[PDB]
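> please find the sequence and an experimentally derived structure below.
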Amino acid sequence: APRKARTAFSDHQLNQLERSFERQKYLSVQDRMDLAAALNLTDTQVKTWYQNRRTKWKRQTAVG
Amino acid sequence: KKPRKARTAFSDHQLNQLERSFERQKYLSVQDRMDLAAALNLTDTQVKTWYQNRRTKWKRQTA
DNA sequence: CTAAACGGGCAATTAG
DNA sequence: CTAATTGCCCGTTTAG
């Protein structure tokens, strides 16, 4: 459908999402929702970030 | 809010053909799924669901 | 690059 | 039993 605005994450958001990702490649419902609340992102944003992050990760596992 | 869909009652024939499909191919390509639905006078979704349910059951058998 | 969108699968659940 | 519903993942594609 009409397609929704691309989020531009803040440096603090990107920092803490990279950290979480470093801590954990997958999140529970609970950790996800808490990381969302702590950064003022929606659950979905955080889920799509983590999922997009894995695609890149798998790429770096295929990068050697 | 969204009413639950009626539980499809497949005919003996539809089931036999679904089961024969599954015997050959656990997975259908899109095109194959469309053909088979059309073959059986079913919706693509009816067929996708069946196949999905079927692979579950079959995992319980292989198990 | 990467956020969001897309359809299909998986597991777990719901319910006819 | 099993058809349908849920939330998430994957892999791909779309596009800011």
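Received, thanks. Numbering: from 1, shown residues only, chains lettered A, B, ... in the order given.

> I'd like to know which elements the helix ranked longest in chain A is packed against.
Criterion DSSP state H: the longest helix present in chain A is helix A:43-62. Taking 3 or more Cβ pairs under 8 Å, 6 or more residues apart in numbering or on different chains; DSSP states H and E as contact, the helices and strands that helix A:43-62 lies on are helix A:11-23, helix A:29-39. (C-beta placed from N, C-alpha, C; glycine too.)

> show me what from chain A comes close to DNA strand D.
A:3, A:6, A:26-27, A:29, A:32, A:43, A:47, A:50-51, A:54-55, A:58 (Cβ under 7 Å from any atom of the strand).

> need those residues in a markdown table with neighbour count, can you?
As requested, the residues of chain A next to DNA strand D are arranged in a markdown table below (neighbours: other Cβ atoms under 10 Å in any protein chain shown):
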| residue | neighbour count |
| --- | --- |
| A:3 | 5 |
| A:6 | 5 |
| A:26 | 10 |
| A:27 | 18 |
| A:29 | 9 |
| A:32 | 20 |
| A:43 | 13 |
| A:47 | 16 |
| A:50 | 19 |
| A:51 | 10 |
| A:54 | 13 |
| A:55 | 8 |
| A:58 | 10 |
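
> that older thread, report the angle between the longest helix of chain A and helix A:29-39.
110 degrees (axes from the mean of the first three to the mean of the last three Cα atoms, to 10 degrees).

> quick one: helix A:43-62 to chain centroid distance?
Once both centres are worked out by Cα atoms, centre = their mean, to the nearest Å, helix A:43-62 turns out to sit 7 Å from its chain's centre.

> close to DNA strand C, is that helix?
Yes: using Cβ under 7 Å from any atom of the strand, helix A:43-62 reaches DNA strand C at A:45, A:48-49, A:52-53, A:55-56.
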